[PDB]
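Chemist: Once you've seen the sequence and the experimental structure below, I've got questions.
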Protein chains: 2
Amino acid sequence: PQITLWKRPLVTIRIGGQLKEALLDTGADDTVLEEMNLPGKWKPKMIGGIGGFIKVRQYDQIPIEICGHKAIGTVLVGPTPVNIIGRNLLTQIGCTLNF
Amino acid sequence: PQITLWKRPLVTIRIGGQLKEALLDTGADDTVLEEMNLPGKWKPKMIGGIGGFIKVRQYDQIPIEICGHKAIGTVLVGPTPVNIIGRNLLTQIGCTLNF
Ligand SMILES: Cc1cccc(C)c1OCC(=O)N[C@@H](Cc1ccccc1)[C@@H](O)C[C@H](Cc1ccccc1)NC(=O)[C@H](C(C)C)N1CCCNC1=O
């Protein structure tokens, strides 16, 4: 697909039975979703946004489907105002910026 | 150009004869640059994201050259952690996400 940037590039993502709306975000190093009880081990982490840092839980090797494209990798969970798909997963679905 | 996402999509911009490094950010509605002096009558503004809110100065109709592509639009100036080129200017230079 080609995705223009006239509005926020919001897409449907799927993880283990849950559907969520998430931002395709080239300015984010990693992927963060709010409110979800993922399975497995996790470790605490701090990530920086425009106003400062939030605390998140880092889950590794989590399968996620984004616009029908399968991926697997690190998913952070914490109090993000908007669900974000970051570069760690964007690369996995073959996403580039073009102009 | 095509820009991949294994690394941060940092590119050189030119504004008021100054060269700066800025992030091409599909997750940003607005363009926000680190503290600098720009001429013109700016309006005080607040923006909130991950980590909360910052105070910025909104300058309108500012020319900026992004990888040799000319844009003229709104630029926010304040204590952003990194120079950010948002969708308002990315659309002016014909930038899309593709996968
Ligand atoms: C940098 C990073 C590292 C690891 C993991 C993650 C998720 C990371 O990214 C976190 C992050 O906030 N990145 C931002 C840019 C960034 C990178 C590095 C440091 C600081 C910031 C940006 O791309 C996304 C973020 C999304 C957002 C969040 C809450 C509300 C609305 C939007 N967008 C915004 O904050 C924008 C700003 C930039 C104008 N924004 C806020 C006003 C309303 N609308 C809007 O679009």
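Modeler: Noted; the coordinates are in hand. Residues are numbered from 1 along each chain as shown, chains lettered A, B, ... in the order given.
Chemist: Count the residues that sit near the closest residue to residue A:24 other than its chain neighbours.
Modeler: Distances taken as Cβ to Cβ, 6 or more residues apart in numbering or on different chains put residue A:9 closest to residue A:24, at 4.1 Å, once the chain neighbours are dropped. (Each C-beta comes from the backbone N, C-alpha and C, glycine too.) Residue A:9 has 20 neighbours, counted by other Cβ atoms under 10 Å in any protein chain shown.
Chemist: who's in contact with residue A:9?
Modeler: A:3, A:23, A:24, A:25, B:26, B:97 (Cβ atoms under 8 Å, 6 or more residues apart in numbering or on different chains).
Chemist: Spatially nearest residue to the residue of chain A found nearest chain B (excluding sequence neighbours)?
Modeler: Chain B sits closest to residue A:49 of chain A, with a gap of 2.3 Å, by Cβ to the nearest Cβ. If the residues on either side of it in the chain are set aside, residue A:49 comes closest to residue B:50, at 2.3 Å by Cβ to Cβ, 6+ apart.
Chemist: and the strand ranked longest in chain A, anywhere near chain B?
Modeler: With secondary structure taken from DSSP state E, chain A has its longest strand at strand A:53-66. Yes: using Cβ under 8 Å from any Cβ of the partner chain, strand A:53-66 reaches chain B at A:53, A:54.
Chemist: what's the following helix or strand after that strand?
Modeler: strand A:69-77 (DSSP states H and E).
Chemist: ok, then the element right after that next one?
Modeler: Defined by DSSP H and E, the subsequent element after strand A:69-77 is strand A:84-85.
Chemist: That next one near chain B at all?
Modeler: Yes: interface with chain B: strand A:84-85 contributes residue A:84 (Cβ under 8 Å from any Cβ).
Chemist: Can you name every helix or strand that that strand contacts?
Modeler: Packing partners of strand A:84-85 (3 or more Cβ pairs under 8 Å, 6 or more residues apart in numbering or on different chains; DSSP states H and E): strand A:18-24.
Chemist: Any chance you could list what contacts whichever helix or strand comes after the strand it packs on?
Modeler: Beyond strand A:18-24 in the direction of the C-terminus, DSSP H and E gives the next helix or strand as strand A:32-33. For strand A:32-33, contacts defined as Cβ under 8 Å, 6+ apart pick out A:15, A:20, A:22, A:47, A:56, A:75-78, A:80, A:83-84, A:86, B:50.
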